[PDB]
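Protein chains in written order, with my numbering: chain A, 1 to 110; chain B, 111 to 215; chain C, 216 to 381; chain D, 382 to 473; chain E, 474 to 581; chain F, 582 to 785; chain G, 786 to 817.
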Amino acid sequence: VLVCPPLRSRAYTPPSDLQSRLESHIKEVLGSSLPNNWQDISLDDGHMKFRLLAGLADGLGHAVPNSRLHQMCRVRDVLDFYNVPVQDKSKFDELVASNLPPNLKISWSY
Amino acid sequence: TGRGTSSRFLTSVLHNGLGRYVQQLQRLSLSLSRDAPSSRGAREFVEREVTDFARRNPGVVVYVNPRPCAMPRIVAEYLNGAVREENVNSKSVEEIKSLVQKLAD
Amino acid sequence: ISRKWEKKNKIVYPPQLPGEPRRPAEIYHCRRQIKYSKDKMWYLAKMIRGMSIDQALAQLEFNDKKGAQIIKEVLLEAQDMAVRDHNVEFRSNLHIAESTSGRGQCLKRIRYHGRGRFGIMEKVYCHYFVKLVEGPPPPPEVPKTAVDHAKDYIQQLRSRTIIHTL
Amino acid sequence: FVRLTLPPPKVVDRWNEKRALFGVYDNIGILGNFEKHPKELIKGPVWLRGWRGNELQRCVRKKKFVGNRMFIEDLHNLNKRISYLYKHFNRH
Amino acid sequence: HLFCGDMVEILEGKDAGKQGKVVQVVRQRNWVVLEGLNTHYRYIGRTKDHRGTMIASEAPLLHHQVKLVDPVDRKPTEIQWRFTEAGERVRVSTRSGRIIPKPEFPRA
Amino acid sequence: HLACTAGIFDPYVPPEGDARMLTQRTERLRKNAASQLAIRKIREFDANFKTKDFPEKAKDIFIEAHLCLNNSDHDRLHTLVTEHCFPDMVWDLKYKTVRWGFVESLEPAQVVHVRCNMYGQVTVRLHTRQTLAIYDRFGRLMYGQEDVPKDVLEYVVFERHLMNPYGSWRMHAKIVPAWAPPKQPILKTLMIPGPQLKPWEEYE
Amino acid sequence: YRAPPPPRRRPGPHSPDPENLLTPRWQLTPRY
RNA sequence: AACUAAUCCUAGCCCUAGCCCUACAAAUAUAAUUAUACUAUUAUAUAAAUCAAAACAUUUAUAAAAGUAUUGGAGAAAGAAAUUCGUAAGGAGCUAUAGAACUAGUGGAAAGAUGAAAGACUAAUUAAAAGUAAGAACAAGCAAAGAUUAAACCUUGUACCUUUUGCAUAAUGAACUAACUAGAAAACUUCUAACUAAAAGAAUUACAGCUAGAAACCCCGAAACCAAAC
């Protein structure tokens with residue numbers, strides 16, 4: 001009676017209104033509604049970290065790696081971590097959409 | 111060895127350089143395997159140096175066909191009809207680039 | 216053991232096109248087991264090479280060797296099948312294109328001697344191979360005349376090329 | 382001379398139960414509170430379970446372990462082989 | 474479960490899917506012979522004088538290549554061996570259980 | 582197992598001048614007294630066998646079987662013809678290449694006479710133009726012309742095993758009418774050997 | 786596949802049968 | 001495309017594991033296998049030597065403590081106990097010169113090969129070893145090399161293995177083809193790591209040691225000697 005949901009891609013691009021989603025997440029997750037020096041706030045609290053990271057991951061769609069999980073001590077790391085784009089495009093896929101010259105032929109036989 | 115081996119005289123194909131120089135090499139074919147240590151050097155070559163050679167020499171037809179392959183291979187065809195095959199098995203990017211330059215010349 | 220001579224007789228050519236000469240018939244016949252030496256049989260084969268079917272048969276009839284009688288029997292069998300199965304119109308229109316003998320599997324025994332010595336006894340067997348081409352035997356070679364010899368020497372002199380120079 | 386015929390095609394499964402379960406409980410001693418030493422998991426001839434030695438030592442240990450259960454023919458052969466082995470190692 | 478006179482369906486072969494009656498059983502090779510099925514054509518009486526006469530000769534079928542047929546419904550139904558009231562063993566279809574009586578075969 | 586029986590149950594007698602020749606069909610209507618009871622027996626097992634429509638089915642098998650000869654489709658020809666017919670067709674064609682083609686039939690095929698544990702033989706009348714050319718092993722032409730149509734009238738007998746559930750109509754034999762012209766002669770010339778005598782004997 | 790149950794040493798006292806010939810003598814001594 | 005030949009996979013074996021074992025008639029120890037009288041009927045001492053000690057003579061193996069002590073032509077080597085401690089079918093094996101000698105004890109061999117079906121005409125597959133044939137030879141020379149328009153001519157060049165002196169115009173060995181056919185051990189050191197005044201999953205060593213890993217030493221062949229049978 002359990003049906004698998006469709007597989008989701010791991011490609012994430014920074015939103016144009018990145019801060020809007022970020023501040024809205026803090027505005028909701030954090031009662032103080034984005035207080036002063038929010039960037040320098042610590043995430044050592046387990047409950048706050050779970051709510052903030054989980055809420056950001058669902059709203060944004062990008063999740064902190066477990067290997068990189070401990071690095072997220074401050075909001076600055078989270079903000080910097082999210083703003084860097086992530087692409088699932090393969091090297092072959094990038095080559096295909098790279099203005100292939102007329103004399104170069106590529107065929108994927110796999 | 112000379113007695114047991116053939117020899118020829120100096121000659122040109124059709125006086126190629128009299129009016130304008132034409133590159134004898136006409137087609138290059140590259141076979142690759144997505145998962146093969148032997149092709150690792152060839153794998154990187156496509157990313158970086160294959161494009162530069164194509165721009166430098168646009169008169170040679172280039173074929174890149176990734177496929178399940180035990181040993182990557184390069185096939186070069188010349189205008190006169192000569193065809194030469196070189197194995198790329200477990201060869202680095204630098205080795206591949208040097209061979210291609212020799213083939214073009 | 217290999218029997219590829221017979222397979223040569225089983226070869227079937229593609230249908231001939233209208234613009235093609237009538238293919239001369241080629242027949243491959245052999246006797247695989249003969250209690251005779253190949254070397255002795257070869258002498259018979261060598262002489263008969265290139266001769267006509269009738270000429271070879273006549274010589275065999277007056278030959279003293281045992282192998283010659285066997286060869287004539289082999290020749291007769293090949294001729295009979297050639298007309299019967301290879302569509303040969305004329306019996307006389309046949310000549311010996313190829314004739315050779317080969318080794319066959321032998322038998323080994325010990326040769327006793329009256330003085331306590333012993334030897335290795337061998338019962339020799341051989342194969343005989345012949346290919347017959349329909350038509351008269353090709354004309355024999357004509358020795359070169361003095362004029363022919365001189366022309367080649369002059370041509371060779373003219374063909375000489377300067378060596379190791381610009 | 383070399384074969385003129387192709388061998389039968391063979392495909393081997395690397396995820397069969399034997400290969401998949403190979404090595405399990407190899408850490409029985411450390412993970413089992415050391416109640417069972419990993420040497421206890423060795424399966425083989427009785428005289429060399431958890432023990433190693435040279436060919437001469439292995440044969441001698443075999444003789445002691447199953448000497449009472451060894452055949453007379455086997456025992457006689459082992460004694461003769463041991464004598465040759467003893468002389469070679471201890472004098473050459 | 475296969476005996477001479479048994480109506481069986483050829484699972485695979487030249488006449489696969491054609492039901493026939495067994496006439497010979499070489500149990501050593503697990504071979505079942507059906508008359509008029511899997512029948513190739515061969516030359517009988519080949520001699521020097523005459524080429525020979527073409528005849529239809531049956532070929533052996535392995536046991537797995539045939540299956541028993543339920544009388545009422547003609548299908549290759551798998552069968553299981555079970556006794557009857559009389560005690561004679563009878564093959565019973567695994568599905569749509571039914572008694573396949575032993576066929577009558579003329580004396581050889 | 583035999584799916585065919587050599588020979589014909591009763592040999593139908595062709596009348597001279599039938600090639601010139603409705604008409605003959607009515608002669609069958611007159612002669613169904615001899616044949617209808619046979620036709621009923623085929624009909625009993627089949628019930629769709631009609632003398633009018635059988636030639637179309639029979640013709641295809643005859644033409645199809647001839648085509649197999651060029652390709653040497655022995656397996657295909659085996660099904661088309663009975664066991665008796667097959668050896669005659671191909672035995673003498675060994676190691677030979679034949680180009681056979683079918684020109685338009687001169688006259689429509691019609692069932693002529695039928696007879697019948699039970700083997701039913703149906704005689705069919707066929708006049709058709711065909712081209713035949715046979716070559717040697719070397720490819721040399723030995724018989725027939727590549728593109729010359731030869732008009733031949735023959736009566737073809739098909740047979741079927743009525744009792745067998747899988748029995749079907751397969752070509753069994755051909756009836757040759759005496760008035761039919763002789764076949765074309767071979768291109769090559771043959772030699773008839775003289776009488777054989779012992780050394781004592783003299784020619785007679 | 787599912788791994789088999791881990792091997793376990795039998796706990797508690799074990800009394801060898803004195804009558805059995807196979808049982809070693811030292812296992813039947815008062816010191817044992 | 002030819003001959004001679006070659007081709008193949010199961011015939012089977014090997015070692016551990018497991019397991020002790022308790023598997024027709026007629027004729028026969030007389031002369032074994034002779035259907036009834038003869039004529040009484042019956043094995044076995046330390047195992048030695050060879051061998052090692054480079055001969056030979058006493059002598060020479062057949063869990064920890066521990067290879068410690070003693071013993072011993074003090075030499076080849078031999079070696080306890082006290083006292084502690086001890087429950088519980090498989091193959092990085094062989095596949096017809098390999099594996100048991102074996103298809104077979106027929107001192108002791110040799111060998112077989114189609115396909116699903118031969119109640120489908122008995123299979124194919126291979127420029128594949130040497131040997132030959134197809135196709136004998138053509139002034140001159142360790143037979144090739146540099147060459148050359150050109151196969152031979154012209155030019156250059158004292159067969160091979162081992163061994164002698166680091167030299168052979170010495171001397172050994174080789175008709176040729178295929179398979180088979182000769183370096184094997186860890187006490188200590190260096191190196192690679194773990195942990196460290198401690199190291200090691202009991203028995204060991206320690207003033208940086210201790211623990212683990214890795215690193216090594218052939219083949220064929222006498223004249224002989226002794227025991228037990230014939």
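Every residue, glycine too, gets a C-beta built ideally from N, C-alpha and C.
Given a threshold of 16 other Cβ atoms within 10 Å of its Cβ, counted over all protein chains shown, does residue i qualify as buried or as exposed?
| i | result |
| --- | --- |
| C:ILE311 | buried |
| E:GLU482 | buried |
| A:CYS4 | exposed |
| A:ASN36 | exposed |
| F:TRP781 | exposed |
| B:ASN190 | exposed |
| F:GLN702 | buried |
Among the residues of its own chain, which have a CB less than 7 Å from the CB of residue i, if the five just before and after it don't count?
| i | result |
| --- | --- |
| F:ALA619 | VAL695, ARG696 and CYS697 |
| F:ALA600 | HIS708 and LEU734 |
| E:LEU535 | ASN503 and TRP504 |
| G:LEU813 | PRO801 and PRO803 |
Taking 8 Å as the cut-off, decide whether the C-beta atoms of residue i and residue j are in contact.
| i | j | result |
| --- | --- | --- |
| F:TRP681 | F:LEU658 | no |
| C:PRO352 | C:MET296 | no |
| D:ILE409 | D:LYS399 | no |
| F:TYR593 | F:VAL693 | yes |
| A:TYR12 | A:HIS47 | no |
| C:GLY234 | C:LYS255 | no |
| C:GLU349 | F:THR770 | no |
| F:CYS666 | F:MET744 | no |
| C:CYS321 | C:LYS253 | no |
| C:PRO230 | F:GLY720 | yes |
| F:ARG706 | F:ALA690 | yes |
| B:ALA186 | B:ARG177 | no |
Do you know how far the Cα of residue j is from the Cα of residue i?
| i | j | result |
| --- | --- | --- |
| G:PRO789 | D:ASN414 | 19 Å |
| F:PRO636 | C:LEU347 | 51 Å |
| C:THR360 | C:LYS366 | 10 Å |
| A:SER107 | E:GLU485 | 42 Å |
| residue 218 of chain B | A:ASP88 | The structure shown does not extend to residue 218 of chain B, since chain B spans only 111 to 215, so no value can be given for it. |
| A:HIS70 | A:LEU43 | 10 Å |
| F:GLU740 | F:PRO774 | 41 Å |
| F:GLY725 | F:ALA646 | 19 Å |
| D:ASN449 | B:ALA180 | 58 Å |
| A:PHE81 | D:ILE411 | 41 Å |
| C:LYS287 | E:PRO533 | 49 Å |
| A:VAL64 | A:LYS49 | 11 Å |
| F:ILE589 | E:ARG568 | 49 Å |
| C:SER217 | D:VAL383 | 18 Å |
| E:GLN492 | E:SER530 | 17 Å |
Spatial neighbours of residue i within its chain, please: C-beta separation below 8 Å, excluding the five flanking residues on both sides.
| i | result |
| --- | --- |
| F:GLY598 | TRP760 |
| D:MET451 | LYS444 and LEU459 |
| E:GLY518 | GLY525 and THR526 |
| E:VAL498 | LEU475, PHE476, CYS477, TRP504, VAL505 and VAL506 |
| C:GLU276 | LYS287 |
| A:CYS73 | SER42, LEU43 and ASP44 |
Near residue i, what residues of its chain come up, given a Cβ to Cβ distance below 6 Å and the 5 sequence neighbours on each side ignored?
| i | result |
| --- | --- |
| F:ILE715 | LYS677, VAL679, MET723, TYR724 and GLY725 |
| B:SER149 | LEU142, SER143 and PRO182 |
Measuring only from the beta carbon, is residue i closer than 7 Å to any heavy atom that is part of the ligand SAH?
| i | result |
| --- | --- |
| F:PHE590 | Looking for the ligand SAH in the displayed structure turns up nothing, as the structure carries no ligands at all. |
Unbroken beta strand (DSSP E) runs of length 3 or more, entirely within the stretch 481–546 of chain E: which are they?
492–499, 504–507, 512–517, 526–531 and 539–541
What are the start and end residues of each continuous alpha helix (DSSP H) run of 4 or more residues lying completely inside the stretch 133–190 of chain B, in chain order?
150–158 and 160–166
If you scan the stretch 656–704 of chain F from start to end, which runs of the alpha helix (DSSP H) of 4 or more residues do you find wholly inside it?
666–672
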